[PDB]
Amino acid sequence: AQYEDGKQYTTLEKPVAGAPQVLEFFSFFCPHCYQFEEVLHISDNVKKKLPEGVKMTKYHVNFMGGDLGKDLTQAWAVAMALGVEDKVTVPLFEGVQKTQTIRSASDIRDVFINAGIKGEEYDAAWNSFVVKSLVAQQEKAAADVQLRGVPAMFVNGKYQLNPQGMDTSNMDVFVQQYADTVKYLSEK
């Protein structure tokens, strides 16, 4: 066929019931993730092609960057709780990988302060139980698919995107193939 298992995607041998429809995993320490967000804008282009009524979920992972990796999952929970993903995603990526000015939870916090979230508001969220369960969700979702690498994308808990089997000579074309594959998988 045109979309074949093991080519543009793989199938999970152990499907995950009740999983979010479109589930993306990343790490701020992850170089291809930097590309995916900053250069390719994958999340955004996928969204633009998803059918109506399909929600998109993005989670951070712990298994890169040790102690700071975990802080970044908690900060991403804070970002989700406050609804400020679109204001911190870029400075977090650049702070870890470009400028390398993010070395501690305090430096992570600085990014939110600069993005205009109030100290009081950031600290209250950081320490909230709502953020603790949002952290739990992120971990549980990664555990459910025994995730060992990022970037990763899963559709309906049963299919996993396989970007290795796509042409990367032209970046625009790669992105559209990626998005179209997610759309195909979505309607499956």
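The chain is numbered in sequence order, starting from 1. No hydrogens, no waters, no symmetry mates; every other heavy atom, side chains included, goes into these values.
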As an exercise, state the distance from [atom1] of [X] to [atom2] of [Y], rounded to the nearest 0.5 Å.
| X | Y | atom1 | atom2 | answer |
| --- | --- | --- | --- | --- |
| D180 | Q8 | CG | CD | 10.5 Å |
| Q177 | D167 | CD | CG | 7.5 Å |
| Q97 | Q35 | CD | CD | 8.5 Å |
| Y9 | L185 | OH | CG | 6.5 Å |
| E139 | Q137 | CD | CD | 11.0 Å |
| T11 | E13 | OG1 | CD | 9.0 Å |

Without placing hydrogens or testing angles, list every side-chain donor-acceptor pair under 3.5 Å for residues 17-34, not counting sequence neighbours.
from, atom 1, to, atom 2, distance (Å)
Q21, OE1, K55, N, 3.1
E24, OE1, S43, OG, 2.7
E24, OE2, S43, OG, 2.9
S27, OG, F29, N, 3.0

Taking atom [atom1] of [X] as the centre, does the number of heavy atoms from other residues, nucleotides or ligands within less than 6.0 Å exceed 12?
| X | atom1 | answer |
| --- | --- | --- |
| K49 | NZ | yes |
| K188 | NZ | yes |
| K132 | NZ | yes |
| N170 | CG | yes |

### Query
Do the side chain of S133 and the main chain of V130 share a donor and acceptor less than 3.5 angstrom apart?
yes

Using the rule that two of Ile, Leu, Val, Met, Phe, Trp, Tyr join whenever any of their side-chain heavy atoms come within less than 4.5 Å, decide whether [X] and [Y] are in one cluster.
| X | Y | result |
| --- | --- | --- |
| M64 | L92 | yes |
| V131 | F129 | no |
| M166 | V150 | no |
| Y184 | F174 | yes |
| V173 | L40 | no |

## Note on the structure
So the side chain to side chain donor-acceptor pair (under 3.5 Å) pairs with at least one residue in residues 141-165 (sequence neighbours excluded) are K140-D144

Please set out all donor-acceptor pairs under 3.5 angstrom arising from side-chain atoms of residues 70-80, sequence neighbours excluded.
from, atom 1, to, atom 2, distance (Å)
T73, OG1, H60, ND1, 3.1
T73, OG1, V61, O, 3.4
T73, OG1, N62, OD1, 2.6
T73, OG1, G69, O, 3.4
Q74, NE2, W126, O, 2.8
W76, NE1, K58, O, 3.0

### Set of residues satisfying ring pair (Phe, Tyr, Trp, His ring centres under 6.0 Å) with respect to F63, sequence neighbours excluded
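Expected list: none.
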
Which heavy atom of [X] sits nearest a heavy atom of [Y], and at what distance?
| X | Y | value |
| --- | --- | --- |
| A105 | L68 | N-CD2, 4.3 Å |
| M56 | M153 | CE-CE, 4.4 Å |
| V46 | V182 | CG1-CG1, 3.7 Å |
| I42 | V175 | CD1-CG2, 4.1 Å |
| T99 | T101 | OG1-OG1, 3.0 Å |

### Query
Who pairs with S128 by side chain to side chain donor-acceptor pair (under 3.5 Å), at least two apart in sequence or on another chain?
none

Let me have the donor-acceptor pairs involving side chains of residues 108-122, under 3.5 Å, with sequence neighbours excluded, atom names and distances please.
from, atom 1, to, atom 2, distance (Å)
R109, NE, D123, OD1, 2.7
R109, NH2, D123, OD2, 3.0

### Query
Is the closest side-chain heavy-atom distance between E38 and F93 below 4.5 Å?
yes

### Task
Determine the sole option in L12, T57, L161 for which the side chain to side chain contact (heavy atoms under 4.5 Å, CB included) test with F154 is passed.
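Considering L12, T57, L161, a side chain to side chain contact (heavy atoms under 4.5 Å, CB included) with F154 is found only for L12.
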
